[PDB]
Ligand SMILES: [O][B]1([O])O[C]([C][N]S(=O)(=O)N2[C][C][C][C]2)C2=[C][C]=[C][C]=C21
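First comes one chain, alone, set out as structure tokens in the form solved without this ligand.
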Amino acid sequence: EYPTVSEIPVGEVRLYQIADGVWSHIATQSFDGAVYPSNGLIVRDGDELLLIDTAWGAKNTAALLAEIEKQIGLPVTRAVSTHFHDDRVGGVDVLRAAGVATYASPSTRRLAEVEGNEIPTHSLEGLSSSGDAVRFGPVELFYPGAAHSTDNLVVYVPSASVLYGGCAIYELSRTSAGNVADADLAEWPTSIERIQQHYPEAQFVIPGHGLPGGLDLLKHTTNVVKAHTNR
């Protein structure tokens, strides 16, 4: 029942309820003549919402805000981007113009600026060292170490046992490396083990792209990363 890359035209966004007050958002983009899905998260925060990641571009992100107001009807007051790539920050300008306070680590803000990408306004402190965690409203933010990117964060929703791995975690159907231009392949397995150690009770694990599953997605990602390392 999770929407697949094939059922979502580029420009539209779907919401999927994972648990009480926790949704993923799913959008698509075309690259090199193929179509790719991308996930983010929405977490209820009293009578407001916390958004995790944009919907991969300005147009998709405007559609995301429209779909949230239609389906949920609570204001998105804050957004966190989990690393500096466009599937995470592309759409930050749309969020900002809509009155959403945008956040990322100082590492992410720096890398976004270097890349010429959109830059979240606010800096998240306390996430500079591997293993660092901070509470941000209804979620915990965790910096596991370098993996898919040097700045990648993961997000845990303790009330729902939902772990949002972002692009540091691959879906099961992905058996080859994705975009690894900015990755730390040498550290990625160690960073994954920090995630496993910190969130062993997670019941629902969401990758940056593709289908959710359980904690098996972590060892799966390590397997794929190690195979790529040995290519």
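For every residue, the number given is its place in the sequence shown, counted from 1.
Separately, the form solved in complex with this ligand exists; it is not shown, and the next lines address it.
Q: Overlaying the pocket C-alphas and bringing this ligand over as found in the bound PDB entry, would you call this site open, or blocked by 3+ ligand atoms sitting within 2.4 Å of backbone or C-beta?
A: Blocked: 3+ ligand atoms clash with backbone or C-beta.
Q: Find the only residue in 68, 167, 195, 26 having a heavy atom within 4.5 Å of this ligand in the bound PDB entry.
A: By the 4.5 Å criterion, the partner-contacting residue is 167.
Q: Considering non-hydrogen atoms and a 4.5 Å limit, does this ligand approach residue 36 in the bound PDB entry?
A: Contact with this ligand, yes.
Q: Heavy atoms within 4.5 Å of this ligand in the bound PDB entry: does residue 178 have any?
A: Close contact exists here: in the bound PDB entry, residue 178 approaches this ligand to within 4.5 Å, heavy atoms only.
Q: Is residue 14 part of the interface with this ligand in the bound PDB entry - any heavy atom within 4.5 Å?
A: No.
Q: Using the partner position in the bound PDB entry, report whether residue 59 sits within 4.5 Å of this ligand, counting heavy atoms only.
A: Flag for residue 59 set to no.
Q: If contact means any heavy atom within 4.5 Å, which of 150-158, 126-134, 98-106, 80-88 contacts this ligand in the bound PDB entry?
A: Result of the contact check: 80-88.
Q: Taking this ligand in the bound PDB entry, which residues along 201-219 bring a heavy atom to within 4.5 Å of it?
A: Only a single residue, 209, comes within 4.5 Å of the partner.
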